[PDB]
Structures are given as C-alpha cells and as structure tokens.
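Worksheet: the structure to be examined is printed underneath.
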Amino acid sequence: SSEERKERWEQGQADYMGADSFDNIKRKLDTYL
Amino acid sequence: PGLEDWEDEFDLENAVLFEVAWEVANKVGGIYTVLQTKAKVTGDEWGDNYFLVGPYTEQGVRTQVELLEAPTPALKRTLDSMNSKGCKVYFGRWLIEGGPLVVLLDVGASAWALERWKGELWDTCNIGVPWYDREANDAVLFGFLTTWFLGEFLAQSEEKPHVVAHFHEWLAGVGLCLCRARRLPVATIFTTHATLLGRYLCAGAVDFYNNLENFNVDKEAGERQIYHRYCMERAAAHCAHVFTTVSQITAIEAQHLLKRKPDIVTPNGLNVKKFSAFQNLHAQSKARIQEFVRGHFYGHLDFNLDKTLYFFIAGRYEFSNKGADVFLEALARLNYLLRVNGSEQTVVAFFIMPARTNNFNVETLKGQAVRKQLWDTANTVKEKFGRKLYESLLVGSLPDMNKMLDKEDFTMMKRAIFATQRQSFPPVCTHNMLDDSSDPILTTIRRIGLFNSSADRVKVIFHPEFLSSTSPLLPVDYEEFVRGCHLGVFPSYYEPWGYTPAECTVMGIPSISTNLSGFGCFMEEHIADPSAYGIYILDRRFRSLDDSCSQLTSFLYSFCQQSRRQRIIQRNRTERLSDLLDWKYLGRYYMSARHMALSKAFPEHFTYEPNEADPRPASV
C-alpha cells in the first residue's frame, strides 16, 4: 500500500504483473503532458 | 551540393541548446564518437548557445577538458548557487574539433540528496530503484542535477530564452521526466541508440524479430531484474516532445517494445574528410598483405597470388550478433564450389575479433622470419648481380650468365632454401588460445573442415588481437590493412547501427551487410540497385538461417566470378559514395527534430512545416 510498494521497489521485488505495471505509471505521467 | 543552409531557415532568436548525455568527455562506448563528431556542425548552427551536460570524471577532465570561467552572468550565478547549495559543478571547453562548452556535474558529491531525491521520483512517477544497482542511482543523481541546473539557469536569466534539451539514453531520461514533471519551459527531445530489451532478448530468447508482436515486455523486463531500467527508458520515451531513433530497424523495435513510433529517425554520421586524408593506398596495402600471406604460408606457396582475394570481418567478438557463423558456413560452401568447378581463384579470409590470448605461436613468427630471410638474401644477390651486370655492360660485352653467381651467393641461397622446409600446414590462428576447447570460431572451423590444406581453395586466418602499428608481425593499424582487402562481410543479426561497415564503406571498400542492421537499411533505402555500388544487402529478416547462408554463398561466388575490370568499376562506384554518411547531410535530421520540438513546446513563437524530403539512380 503506497509506501510499502516503494519499499518493495527498493528491495527489488516489483509487482510488474499487478500494481507496479506500466499502466499506472503511464496514467500518472499523462497528467503532466 | 546539399548543405545545412538549404531550406531549414528558422527563427532561432534567443534559444539555448543543451546536449545532455552521460558520455561527454568520458569515453565509454560508441555515442562518444557520435557527439564528438556532431559538435562541429551543431556549433556552426547554434554558435555559443550550445552546451553539453555530462558527468565529471577526473581522467576526462585532466585529459580533454579545459576549465574556464562562465561567459555569461546568468551561467556564473547558476554555477555559484549550485556550488554553494551542496553540489560541485565545473565548466569548460571540450578539446575537440568543434570546441563546445561543457558543464560537468559530480554525481559523487550529491549522495546526501539521494535518499531524498529517490523519494521525490516516487512521489512523481511511481518509479523505484533498488539500492544494489549502482548504475541506475548514478542516472537518478545525474537527472536530478540536470533538472536543477536547467531550473536555476531559467531562474537566473534576465530575459528568459527558449531552451531545447536533448537527452540521449535511459541514463539521461530521468532529467527529461523531471523537466516534464516540474512543467519547466523547455522543449525535450529523446534519442535512443539501442532499445534496452533488444540485446537481452536477442541472446537466449529465440526468434526475436519474428515475435516482436508476441512479446509481453513487462514480463521479460521483470524476469531479467531490469524492470526499473525498462521503466526509466519507457517513461523517458513516453513524456518527450520529440522521440527519435538512430535507424529504421530500431524504429520498429522501439515501436513494438517502447510502444511509441519515433517522430523521426536520425542516423549516425561521421567526418569523412579525415578518412579521405583510392588505388595507390589499396595497392600498397595489398602488397603488404601479400607479403604477410607469403610469410604465413611458407613451404606451401603452390597457388597463384595474382588470383587470390582477401575477405575480412571485424568487430567485437559476438559470434551470433556479428554473424560469424553464417560467414564460416558460406566460406565452406564457396570452398566446395571453387574446388568442384576447377577454378584458379584463391580466397584468404581474415577474422579480426579480439579474444583472450597470451602471445603469438611459434609457427607464425617462424614464417615471418623465414620470409624476412628470403627477402634479404634475394636483395643481396640482386644488388650484387646488378653491379656485375653494369660493370660487364660498360665494357661492351654480354654478361656470361654462368659466372654471375659465385660461392657465397650459392651459400646464402642454399641456407635460405634449407630454411623453408616444413611438413605441417599453416595454422588458422596466429595466437595461443587460452580457451581453445571452448572457442566457437575454431570449433566451427574444425567442424566444417578448413585446415588450410593444399587442396583447399579457401584459407582462414583468425587474428584475435587488435591490429596495431607496433605489432611484431602486423606492423600496421586497422585502416591501412582494411584498405587493401577486397571485400568486407558483416552479416549482422542484431546491430542498431553498424560502425564497422560504415567505416569500411567510407574508405571505399565493397561490403556485405544485412537488412537487420541500421547501416544496411539506410543504404537499401538511399540507393537503387546497391549491388552495382558494391553494397550487398543480405535478406536476413524474411529468411531462415540456411537461406541466409545460401544467399551469402551466392553473393561471394558472384563476387569471385567478376573480371578485374568489373571489380575496378565496382570499387570506383563504391568510392563515390562517402558523402552519403557525412554529418553535412546527416545533420539535417537533427535540425528537423529540434525544429519539431521547438514548435511543439512553444507553438506561439515557432511553427514547423513537415518537410521530409530528406539519390543514387543507376541500372535496375
């Protein structure tokens, strides 16, 4: 949950199938452009 | 002909260009040469508003960077502020042919901010970086420092100019991402020289180019523990005003893995004037290669050297990516064809690919020494005979040919003849392998049966070490040796842009490339009937491995069947082709990309007309 996801990113266990997939990153980045 | 000031007349006014890259004044790979060569035309176009931003290294600074003082008050204020805020920024000239201004950022002096900055990135793009990468953290620090510098430069400017930033890899994409995050008034361009997943997928995974639409890039990126790097590159490509790739094949690869079609393709160029400093150099180099093969093949010189052809392949020791296996199989097939048809041609192939060696073997040095001894003996006897002939001819008498040779001459020649006795066959490698059992080139040579036998019409020489002018047995650098060869075979499989085939073509040497490489696609697109110009494009994208080997064998056999006049005409046509790879022509795509970025970011002040006009019509 949020900060825990950042921790998992830091230790190298990313959820590339679920919440950490690039869909979230792209939908957040699309606000700046 | 077509120069920079042809049709792109643009209102540059007060605009500043920042050429952000991880590899300025710091030699790592191949884009270093790209930036170093492009700086001249970029500075001619932009004057003194051109800055290259890069990391600070002690070696590079002491070798090729001349530290100076900031030429503008805004730059001096920015440098002083950043240096007093806890950073370390240097300014100077890059001692290259253009002499451009360089801003160097020390990423080792800003570790204290990492724990903060790493958080901010997550509070902006939900991207995390594992602590143990040790190479992505440098990218994060470099990107935050670059964004800081750009923001401070815009803040300290009395009149705010239009800033164009150009980032060149995933190592510099964090700066672009943060520039778009903070909504700075900048125009961002992103250039990819090779997609990150491509080299991972080519090795191991099968049929990379036949499954570009069946790749779930998230899964392969995550499984290879490079998910954060992939997210960095894809985020940088996504939020950029203009996206670019260096080749068409890279354009398809990025469109299918980065999920964004490039707005433009900017190929890599080079300065051809230095290479041009072609038959005198070719003749001299061919004579020296003839001498080397005379030395190597001593005691087995039973073939005509006026009918021998010199092929070569060079580059990094990538067996599959550089297409050496296809070359070896085609060489075996061509050997069979040459033997069956009863030809007088001979083909000596060279494999200049660095490996892990220690020293030369005894046979190669022995052959070079034997050749030197024979040459010296022949010259001695020749000079003595010439003196005797002149003396006997000045008195008006025909030389008695049965007395021009005396006892010491016969002694020298008998020793020389005794020197050239050998029972074995010449080696296929000139060094001592440290992994002779596990070497793929030697394994394939043994498997296909090329042992430099007398009946073999194809001889093979594998020379691991780089060609150097100070080598004991090849006292010549790479360029002069290459100028004497007849053909260069580069059947590359994975190659975003081919520096070696392009360098070979600039020197005027006919070459074989593929449509799976950037140079091959470029030459295929810009030339009609490339084979008439000496460029043989191998259809490797729509063919199997065996079909590719058969086509390569056909190309080699058709090259071997030309007459001498046809070869001369082909090489002249190849020589008149170097201007297609110069930055004087290839630098216009960068100008167009910058114009697109300026018009997209600031549509009020600039407007772009999409003129994509930019050649060799012959035969076909």
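Going by the structure tokens order, chains are called A, B, ..., each with residues numbered from 1, while ligands are numbered from 1 in the order shown.
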If you count only C-alpha atoms, which residues fall within 7 Å of stretch 12-21 of chain A, apart from same-chain ones fewer than 6 positions away, as a PyMOL selection string?
chain B and resi 130+218+222
Alpha helix (DSSP H) call set, DSSP backbone run, chain A, as a VMD selection string:
chain A and resid 3 to 11 22 to 29
If you measure from atom CA of residue A:28 to atom CA of residue B:170, what distance in Å do you get, rounded to one decimal?
19.4 Å
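Excluding residue B:481 itself and any same-chain residue fewer than 5 positions from it, the protein and nucleic acid residues within 9 Å of it, counting only C-alpha atoms, are residues 282, 285, 286, 288, 289, 467, 474 and 476 of chain B.
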Sort by chain and increasing residue number a table of all residues of chain A within 7 Å of chain B, each with its closest pair of atoms and their distance in Å to one decimal, counting only C-alpha atoms, and write it as a tab-separated table.
residue	atom	partner	partner_atom	distance
A:6	CA	B:128	CA	6.1
A:9	CA	B:128	CA	5.0
A:10	CA	B:130	CA	4.3
A:11	CA	B:130	CA	5.5
A:12	CA	B:130	CA	5.3
A:16	CA	B:222	CA	6.1
A:25	CA	B:125	CA	6.0
A:28	CA	B:125	CA	6.6
A:29	CA	B:125	CA	6.4
A:32	CA	B:181	CA	5.9
A:33	CA	B:239	CA	6.9
For atom CA of residue B:198 and atom CA of residue B:175, the interatomic separation in Å (one decimal):
23.3 Å
Using only C-alpha atoms, find each residue in stretch 91-113 of chain B having at least one atom no more than 12 Å away from stretch 29-35 of chain B; report its shortest atom-to-atom pair and that distance in Å (one decimal), rows by chain then rising number, as CSV.
residue,atom,partner,partner_atom,distance
B:94,CA,B:35,CA,11.1
B:96,CA,B:35,CA,10.3
B:97,CA,B:35,CA,11.2
B:98,CA,B:35,CA,10.4
B:99,CA,B:35,CA,11.8
B:100,CA,B:35,CA,10.7
Extract, using only C-alpha atoms, all DNA, RNA and protein residues at most 10 Å from residue B:454, discarding same-chain residues fewer than 6 positions from it, and format them as a ChimeraX atom specification.
/B:300-303,425-426
